[PDB]
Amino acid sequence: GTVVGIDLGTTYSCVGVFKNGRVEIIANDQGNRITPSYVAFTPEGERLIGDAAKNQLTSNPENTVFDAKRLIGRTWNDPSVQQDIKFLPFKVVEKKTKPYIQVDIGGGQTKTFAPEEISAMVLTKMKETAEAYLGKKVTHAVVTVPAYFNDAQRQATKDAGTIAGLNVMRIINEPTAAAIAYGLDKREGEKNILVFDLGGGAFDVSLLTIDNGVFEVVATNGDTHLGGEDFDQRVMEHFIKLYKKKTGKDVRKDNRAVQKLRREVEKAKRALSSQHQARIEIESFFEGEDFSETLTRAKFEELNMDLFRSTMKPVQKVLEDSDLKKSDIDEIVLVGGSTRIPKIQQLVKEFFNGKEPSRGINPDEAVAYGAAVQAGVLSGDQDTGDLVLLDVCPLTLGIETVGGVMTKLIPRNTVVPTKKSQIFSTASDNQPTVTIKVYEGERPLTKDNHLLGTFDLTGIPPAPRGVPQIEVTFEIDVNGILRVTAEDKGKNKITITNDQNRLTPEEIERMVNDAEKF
């Protein structure tokens, strides 16, 4: 059928379709070309998704869910998850070592959701938006992820797609999608394009070469827990502390107070993109008292300056990894909602010695636009023109060798799909199982990198230590997701079992079925 492109964002999502020779970004039922990544359950049992969910946050905060993009593919004990919990009104509980979400779905009835199920609801809303515009069912999609997403975050996004009843044909890295929006139909030779992608929750920088519809990522780097949400938390914290100093009272555990502050902080941030001061006004803030304060642009900037400045380190790294200087950059493409912040634009400009970013790019839509073009290509639409993408893995994959040392299998910035094979053997006589832990990251020792998964090579026939010869192949697919397989080089196929913190097959089937009821 008609394959859609969905930008699944932390705070906002966007859907496009390639039709009649061009991309159309599809407006939702309220006329908005972006939709809040919010879900809510009214006290009466109505499920709200998008604008309606966000609009009732302050009256029903404990049963309004958002920020799921910063919870998927993470463990409960991740310090980033524990940071966000302080500013999230909904209950987050540990289940299967992961942050699950508990809400009241109506009439006092508790329900627990995996964060993938929240993202599935958002994807369902984006699918419905496209279906209303197209006048037909949508079964297939290209869905975006941050370039710096790890394996678990990628797989969790695909699982969200599955739970939404979508066949996710391709997971596309956000800056790659944005590069397509910039570069589609340009015949300007080969150019070095830097995409600076700072959204509601994640930060990516990618350097690409673009040449007449051929897009190649040379290097990428970022931080999947740096964006708008962090800047909002800094301002919320400022005003929580301001109230503490004024009254002596702590509002941090009052969800109504904190989320009313969130609403106002969002509006102020938007206003401060064009004004130098904004008013924070809350009628019934805490214990019958109102809240009435000013936020200057200078204060907003001061509260966030360390975070704003931290965005230049990934830019530095991508230039080094690509063997390019600042002066080799032909265009700077700014995408993501946080690139509307004047100070962010100034810092990027100053970092590039006064160079102006590319005009004609809406930072809220460019990623969706690119996703819709790639969806057009995967639908066989010739009006997209020749469109070739070469993308990379963001993180070095490795294994542990003697001394806790990170030993490389596949280095960062390798074009995918790619594979690496290695022979493994046993450490003791008659050992029936060999366990291999795979890590993601650039640090010297495995303990300072991220555990991707534990893989057990099982059914190894009895033999003396060191005699078995098992060739394990580690393959990263075009989506950026790892598959591990094994062959006895001495019955050829070796059964591998893995633990990668993924939703179980039973979970996914149950969650798919539950979603179909809505």
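Note that residue numbering follows the sequence shown and begins at 1.
Checked against the other entries of this protein, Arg47 counts as resolved in every one of those spanning it, not missing from a third of them. Of the other entries compared for this protein that flank it with modelled residues, all give atoms for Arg465, so not even a third lack it. Unmodelled deposited residues between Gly466 and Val467: none, per the record. Higher average CA B factor: 232-240, of the stretches 150-158 and 232-240. Of the two segments, 24-32 and 63-71, the one listed with the higher mean B-factor is 24-32 (C-alpha atoms only). Note on the listed residues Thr396, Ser206, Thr144, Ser379: the highest Cα temperature factor in the record is that of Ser379. Note on the listed residues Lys325, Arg412, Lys349, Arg170: the highest Cα temperature factor in the record is that of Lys325.
Annotation for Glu174: CA B-factor lies in the lowest third of the chain's modelled residues. Among the modelled residues of its chain, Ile6 has a C-alpha B-factor that falls in the lowest third, as given in the PDB entry. Per-chain ranking of the deposited C-alpha B factor places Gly480 in the lowest third.
The entry lists a Cα temperature factor for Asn353 that places it in the middle third of the chain's modelled residues. Annotation for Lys96: C-alpha temperature factor in the highest third relative to the rest of the modelled chain, per the entry.
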